[PDB]
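Trainee: Fold the stuff below for me.
(chains A, B, C, D, E and F, ligands or ions: 1)
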Amino acid sequence: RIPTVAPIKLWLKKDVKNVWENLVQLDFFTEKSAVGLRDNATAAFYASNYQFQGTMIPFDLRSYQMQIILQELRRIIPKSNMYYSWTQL
Amino acid sequence: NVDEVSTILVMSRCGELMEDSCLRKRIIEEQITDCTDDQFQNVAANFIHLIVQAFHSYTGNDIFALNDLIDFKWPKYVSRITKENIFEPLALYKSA
Amino acid sequence: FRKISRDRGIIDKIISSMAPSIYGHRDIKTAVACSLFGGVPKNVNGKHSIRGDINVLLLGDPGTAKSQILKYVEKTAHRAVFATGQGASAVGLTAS
Amino acid sequence: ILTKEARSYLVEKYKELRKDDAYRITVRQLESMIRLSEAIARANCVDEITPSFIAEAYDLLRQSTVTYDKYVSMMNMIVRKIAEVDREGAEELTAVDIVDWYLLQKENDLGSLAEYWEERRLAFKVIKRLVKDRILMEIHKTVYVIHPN
Amino acid sequence: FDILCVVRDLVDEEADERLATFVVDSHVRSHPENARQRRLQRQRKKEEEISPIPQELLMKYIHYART
Amino acid sequence: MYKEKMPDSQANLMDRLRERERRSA
Ligand SMILES: Nc1ncnc2c1ncn2[C@@H]1O[C@H](COP(=O)(O)OP(=O)(O)O)[C@@H](O)[C@H]1O
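Mentor: Residues are numbered from 1 along each chain as shown, chains lettered A, B, ... in the order given. Take a look at the structure below.
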């Protein structure tokens, strides 16, 4: 949607990896079946020993889910943001 | 915030690379007689502002992530400094 | 005619001349070239008959000049009749 | 009639469009670009089909506060203007230098002396929007350079 | 049918560049621009640009071969 | 094309649009 030339960078898939890691740390994403914190140490003992599927599948195929719905994004994201128009479908 | 991260590394990492071995070898090689430590800070400071603006969308609003790119790229950034890169960071940016 | 006839390798001259304003499609232009000249309608010993003309079917994606060639065979063959699929009726083709 | 350079620009643009389909564009769309350029020049006096007309036909066939188009119009003008001094090697441009250039590219579109200050004020605001989007990297003059993206 | 000509509109930069540069020149020539003789010379001149055989002869040549 | 490269006019650009405005009527 831009006039052409009469004679915005797409970041590489590698550089996005650091960007992807930040979103999992800040709890915007979460794993598909993330049980989370256990209640007791004995229960956590099993968790620290067991190896789930997500710890072995590749970094680019770990299924996540979202804590914020696009409606809440559109309620919070400033309208001055360029991607505001992409908040909806 | 983005503004604070820029200022934090300016206050923290300025003195770190003003006294590294790599530059003070190159300064003698380039025979920069007019160099001063006040210039030395701003020369290193320009590197932080550029790398932040270059990689803020990459690293994020993170201090830990930025503190390593300021290390790896620094010797290579040091190499491109010549007699013509002392006063104009724009040309130094062009070389690097 | 015989001056051109004695030219070495005349076949590729005719094929290259089949609708020259269409790029490529040489294995299709040869079918057009072969159908325009036709074969021998051999009425074998009278009691048996075989058709002589070459039938060609052009099939492919839109934007491949499958129709404009048929707008060229009309202008090149001695006698040509053009028709369109839905615009033609069974009675209108065979006899009325 | 199609100009000689228009042929090269047209084949380049057709290659660019055909790249994206790895609907789907056929050579009918190449003829359509030729025909749309013919129509646009038909809405003008000059028979020379400059690459500019093919650019408009390409954009129209491909596309299938401040208003969106008015702001985006400022984008290509300033993006390529800065890329000029990259090839030229001339001095880089400040915000004011860019704004002075822009208004003189549309002297005729201006209507009133009051609008002289209105669009000038809008240009600086667009600069902030562009820098905020990080298409220009600010260095120190307040030097604006093509951001490393 | 005797000959079936399957056509694929596959995508390739080298194939596209050759085909497009041919078509863009085709619209250059098919576009308009003893006067009878002078202009008839021009038409067969453009036939020589693109065809090894003059088209009028080829029509007759096909007719002669068929007969 | 990029013909308007160096029309380095003075503050008369305000007077430039007076001609655009005052004569249009
Ligand atoms: N190989 C080709 N060389 C030159 N022009 C072509 C070629 N293929 C298609 N075209 C152009 O595309 C158009 C195709 O028209 P048409 O024959 O109706 O397509 P279809 O194959 O769907 O019948 C023509 O106008 C022609 O100019």
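
Trainee: For chain B, list the residues in contact with chain F, please.
Mentor: Chain B comes close to chain F at no residue, as judged by CB under 8 Å from any CB of the partner chain. (C-beta placed from N, C-alpha, C; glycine too.)

Trainee: Which stretches in chain B count as helices?
Mentor: Here chain B has its helices, by DSSP state H, at B:2-17, B:21-30, B:37-59, B:63-79, B:89-95.

Trainee: Just give the closest residue to the residue of chain C found nearest chain D, not the sequence neighbours.
Mentor: Closest residue of chain C to chain D, CB to the nearest CB: residue C:63 (2.6 Å). Leaving aside its sequence neighbours, residue C:63 sits nearest to residue D:26 (CB to CB, 6 or more residues apart in numbering or on different chains; 2.6 Å).

Trainee: Which helix or strand contains residue D:47?
Mentor: If you go by DSSP states H and E, residue D:47 is not part of any helix or strand.

Trainee: And it, how close does it get to residue E:31?
Mentor: 10 Å (CB to CB, to the nearest Å).

Trainee: Identify the contacts common to those two.
Mentor: residue D:1 (CB atoms under 8 Å, 6 or more residues apart in numbering or on different chains).

Trainee: Ok, which of the helices of chain B comes nearest residue D:102?
Mentor: helix B:89-95 (22.2 Å; CB to CB).

Trainee: returning to that earlier point: out of the helices of chain B, the one nearest the ligand is which?
Mentor: helix B:37-59 (44.5 Å; CB to the nearest ligand atom).

Trainee: Give the buried residues for the closest one.
Mentor: By 16 or more other CB atoms under 10 Å in any protein chain shown, the buried positions in helix B:37-59 come out as B:40, B:42-56, B:58-59.

Trainee: how many neighbours does the residue nearest to residue C:63 have?
Mentor: By other CB atoms under 10 Å in any protein chain shown, the residues close to residue D:26 number 16.

Trainee: quick one: it and chain A, what's the gap?
Mentor: For residue D:26, the distance to chain A equals 21 Å [CB to the nearest CB, to the nearest Å].

Trainee: distance of whatever residue of chain A ends up closest to chain F from residue D:59?
Mentor: Distance from chain F to each residue of chain A (CB to the nearest CB) is smallest for residue A:6, at 6.6 Å. As judged by CB to CB, residue A:6 and residue D:59 stand 11 Å apart.

Trainee: Would you point out which residue is most central in chain D?
Mentor: For chain D, the residue nearest the mean C-alpha position is residue D:76 (3.5 Å; CA atoms, centre = their mean).

Trainee: list the contacts for residue F:20?
Mentor: So residue F:20 contacts D:110, D:111, D:112 (CB under 8 Å, 6+ apart).

Trainee: Now for residue 17: which residues touch it?
Mentor: Here I'm looking at chain A. Counted by CB under 8 Å, 6+ apart, residue A:17 has contacts residue A:59.

Trainee: my bad, the chain I had in mind was chain F
Mentor: So residue F:17 contacts D:110, D:111, D:112, D:113, D:115, D:116 (CB under 8 Å, 6+ apart).

Trainee: helices or strands up against the strand or helix carrying residue C:14?
Mentor: Residue C:14 is part of helix C:11-16 when elements are defined by DSSP H and E. Where contact means 3 or more CB pairs under 8 Å, 6 or more residues apart in numbering or on different chains; DSSP states H and E, helix C:11-16 is packed against helix C:26-37.

Trainee: next one: the helix it packs on to chain centre, how far?
Mentor: Centroid separation between helix C:26-37 and its chain, computed with CA atoms, centre = their mean, to the nearest Å, is 6 Å.

Trainee: how about it against the ligand, any contact?
Mentor: No - residues of helix C:26-37 are not located near the ligand by CB under 6 Å from any ligand atom, the shortest gap being 8.8 Å.

Trainee: Point out the residues in chain C that sit beside chain E.
Mentor: Residues of chain C lying close to chain E by CB under 8 Å from any CB are C:1, C:4, C:13-14, C:16-17, C:20-21, C:23-25, C:27-28, C:31, C:34-38, C:54-64, C:66, C:76-78.

Trainee: list the contacts for whatever residue of chain C ends up closest to chain E?
Mentor: Using CB to the nearest CB, the closest approach of chain C to chain E is made by residue C:60 at 2.4 Å. By CB under 8 Å, 6+ apart, the contact list for residue C:60 reads C:66, E:5, E:6, E:7, E:8, E:9.

Trainee: Considering the contacts of residue F:20, which possesses the most neighbours?
Mentor: residue D:110 (18 neighbours).

Trainee: Shouldn't that one be within a helix?
Mentor: No - Residue D:110 is assigned coil when assessed by DSSP: H, G, I helix; E, B strand; the rest coil, not a helix.

Trainee: Give me the nearest residue to it, chain neighbours excluded.
Mentor: Using CB to CB, 6+ apart and skipping residues adjacent in sequence, the residue nearest residue D:110 is residue F:17, 5.4 Å away.

Trainee: Just want to check the distance between the one you found and residue D:125.
Mentor: Applying CB to CB, the value for residue F:17 to residue D:125 is 21 Å.

Trainee: what's around residue 10, how many residues?
Mentor: Here I'm looking at chain A. The number of residues packed near residue A:10 is 7, by other CB under 10 Å.

Trainee: The intended chain is chain F.
Mentor: 7.

Trainee: how close does it sit to residue F:16?
Mentor: 10 Å.

Trainee: Same check on residue E:21?
Mentor: Per CB to CB, residue E:21 is found 45 Å from residue F:16.

Trainee: In three-state terms, label the closest residue to chain A within chain C for me.
Mentor: Nearest residue of chain C to chain A, counting by CB to the nearest CB: residue C:63, 23.0 Å away. Applying three-state DSSP to residue C:63 yields a three-state assignment of coil.

Trainee: which residues touch it?
Mentor: Residue C:63 neighbours (CB under 8 Å, 6+ apart): D:26, D:27, D:28, D:29, E:9.

Trainee: Let me have those in JSON lines, extended by secondary structure and distance to residue E:41.
Mentor: Below are the contacts of residue C:63 laid out as JSON lines (DSSP: H, G, I helix; E, B strand; the rest coil; distance: CB to CB, whole Å):
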{"residue": "D:26", "secondary structure": "coil", "distance to residue E:41": "37"}
{"residue": "D:27", "secondary structure": "helix", "distance to residue E:41": "32"}
{"residue": "D:28", "secondary structure": "helix", "distance to residue E:41": "34"}
{"residue": "D:29", "secondary structure": "helix", "distance to residue E:41": "36"}
{"residue": "E:9", "secondary structure": "coil", "distance to residue E:41": "38"}
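
Trainee: Now the residue in chain E that chain C sits nearest to: closest residue in space, sequence neighbours ignored.
Mentor: When scored by CB to the nearest CB, chain E has residue E:7 as its residue closest to chain C, at 2.4 Å. Leaving out its chain neighbours, the residue that sits closest to residue E:7 by CB to CB, 6+ apart is residue C:60, at 2.4 Å.

Trainee: now the one you found: how far from residue E:26?
Mentor: The value you get for residue C:60 to residue E:26, if CB to CB is used, is 20 Å.

Trainee: Over to residue A:23?
Mentor: For residue A:23, the distance to residue E:26 equals 54 Å [CB to CB].

Trainee: How about residue E:66?
Mentor: Using CB to CB, residue E:66 is found at 29 Å from residue E:26.
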